[PDB]
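Here are two versions of the same chain, shown separately as structure tokens and labelled structure 1 and structure 2.
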Structure 1
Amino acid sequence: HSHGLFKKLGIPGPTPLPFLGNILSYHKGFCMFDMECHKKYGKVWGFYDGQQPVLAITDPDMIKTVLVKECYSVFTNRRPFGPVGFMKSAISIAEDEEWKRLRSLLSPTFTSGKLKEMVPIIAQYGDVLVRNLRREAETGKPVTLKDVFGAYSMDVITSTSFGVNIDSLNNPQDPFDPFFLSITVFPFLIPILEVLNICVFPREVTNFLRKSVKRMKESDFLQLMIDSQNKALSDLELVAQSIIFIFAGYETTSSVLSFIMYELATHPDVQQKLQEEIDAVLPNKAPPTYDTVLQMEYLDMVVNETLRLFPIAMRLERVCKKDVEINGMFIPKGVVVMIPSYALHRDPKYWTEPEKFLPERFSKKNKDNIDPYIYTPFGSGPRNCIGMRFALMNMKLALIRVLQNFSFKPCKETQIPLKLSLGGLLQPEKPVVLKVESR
């Protein structure tokens, strides 16, 4: 390279192979690679995704500098992603000024008031979620959580943002490590693939929407995007935000729900202690409300501690858009700065027994011993997760309604312990199946 950079900076790290960089080390997944490098190299280290240098940082102050103090000036954008096509205008993917604009356009969607307007609406699909669960529990047949969870998550996302109601067991649309591997050795092929219309998003899954958002409709977040469009928001740019929002609210929601239900099943005392709180705040199986959801502290602790063990983003990243010297360390233009959330969430130098599910970690007696720059399931700074309050609410409303009616036990075919997918993303190897018993 270009494989001399960290050598030259005196920054330690795994020796890269030509072209490949360190990427063969991903044979155990991002997260094990990160954990290993943390323990081998300490607070800071560098590696190469192909020819791209990545600096991992683990100092809280330095992380606050990157995500917060110097965001607009230096660390505004994430690693180039391609080929994306018209999805370049998607907010999680857009850069500099354009992202600032979309962030401004879309921010007022998750105010405490717009959220609070959605609790009445969400309250309907929880009842479908239960009734669907009530059938596969009267029939003692183990249940695939992500199926009925994603169906619920799908139902919430299409109607909180657009207005479309579907009982996701008609199986309505749904979209979807062989190839992104070739990206990292061949990032030069991204501009190639762009001119080919080639997309990591199959052109058919997007064409299903390239009209279906125009096919919505029309005369909620979709409302809020024309009402704020009234330098304003295009319509192929509006479709792009819709795609982001539908994915995020479907996949992350369903998947974190599956993780929580696994933890409750292998820790029955935590499941019961939570069911008792729900019944004390919502007695007679009372319907949750925006304000009772926010009152349940143990539900929050359970949500948080699961997100400690399964930070589904895994890593946070920012591109260095110019030479800087943050907290005494020189960082050259073009380096990707990465925060290894999975690794920091499991660091024994911050967390007692860091692999155990222990929600007391987030008790108000203990929540202050926790550095918001070590615990980052939603990122931080101006580019943190815009859907955070919606996600926590949506999940908690789901959990409340579900633990109000059912208990969850392991099955013969439950994977205990749970292996993580040694692949690209943060999911289990085998899917989560548990016995569901009616209260």
Structure 2
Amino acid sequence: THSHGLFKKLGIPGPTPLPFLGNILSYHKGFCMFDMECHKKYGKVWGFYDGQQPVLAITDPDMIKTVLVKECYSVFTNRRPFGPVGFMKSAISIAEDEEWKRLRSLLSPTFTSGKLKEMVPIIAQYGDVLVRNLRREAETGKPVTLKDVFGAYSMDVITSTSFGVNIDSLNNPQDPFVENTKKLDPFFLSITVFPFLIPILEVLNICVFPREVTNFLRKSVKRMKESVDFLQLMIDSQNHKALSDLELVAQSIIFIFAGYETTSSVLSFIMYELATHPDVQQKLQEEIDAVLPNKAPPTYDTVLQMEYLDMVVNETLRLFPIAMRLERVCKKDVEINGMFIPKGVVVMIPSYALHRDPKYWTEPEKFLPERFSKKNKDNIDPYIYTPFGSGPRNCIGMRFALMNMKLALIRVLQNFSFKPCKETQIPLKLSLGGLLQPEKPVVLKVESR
């Protein structure tokens, strides 16, 4: 309890912390529920302790803007350091200060609309592979587990977008690439109450990324150095200061994790919503059939034209912002928008909490895509709604993730309809761990149109 007196001496309200644990025992309902309760009983700002680490939650849109945009380069540059990371300290999302800046600048041209349009034909091919595997489990008449067919699709996209390795993950059970890209809680809570043990784990070459996948990828990069995708865009860039070969492998790993779990979990949440709201699902199929008459193939320009599709994605991401929280480490004693923030505090934006706050959303628990219609979108504050973050360190893959998910949705909805069944968890409950995912896997009935 050496710093458990910081928020009292600053006059900031918060939950009283236990010795050593801080407030971590309040994470037992899940930490998005912890954030809603703290927001409800403390107001606009509050403090709590992850073990000995102080964390200041902020909910004011102006303060969020100072932190994420205004004062990003000078005070709030980095995220908080986590458990044994090893050589993945070079990954863009884990790197810090001038080193992050270099990586951000080197990887920015990789995610432009120009390059994204060149990837559309490639990821559209697996759209069709998805529809192929979907027609099959629809004949079973068995409720389908969406995270499997989506999980496989998301892997197919990422493998072919990051390395050009075209594969059918669902029908090729064990390819050296598909396997290795497949093999990837208590330890996180222990680390959080035992952060002084992270240096011991690092020196012992223990790494929260399974080191066995990482040797395989470096090899594959080598057997692909001379022998359009993210690898070449990064290799051609080497042909600031240029990237290195090992740095190359760290970014790719980050892209798989992003590409795989975020894309597959968001797509599942969407089809849950479309199944439990047949009117929305019907209206979306009518917009799709009108833009793309007679199951025509989706294109970059056609996708950017589907306003209701965009509305459904945005609203799904309001209810389930898969990063849950934004965080920045306070580098130096500062005073933002009337309050003093001392060095070393983690400032956290409770995105999940803000997305479900009645101060800004009417009926926050209701799936209502019309919030994001061109009429009501103007009243939505970009620092309350922050599914991809904001400012210089926001989600670099936002445009790629949106395109990738919409391309799957179009093709899947052109051919099938999705209905609940006796195994569907209605209402959906979220897991209580540290990931935003359903408690029970989403299972739905899939009928061919």
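Residue positions are counted from 1 along structure 1's sequence. Rigid core (definition): largest C-alpha set, two forms, superposition within 1.5 Å.
Of the residues listed here (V213, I278, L316, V148), only one shifts its CA by 2 angstroms or more between structures 1 and 2 after fitting on the rigid core, and it is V213. Annotation: Cα of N171 displaced by at least 2 Å between structures 1 and 2, core superposition.
Core superposition places the Cα of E237 1.2 Å apart between structures 1 and 2. Comparing between structures 1 and 2 on a rigid core frame, one finds that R203 has its C-alpha moved by 2.1 Å.
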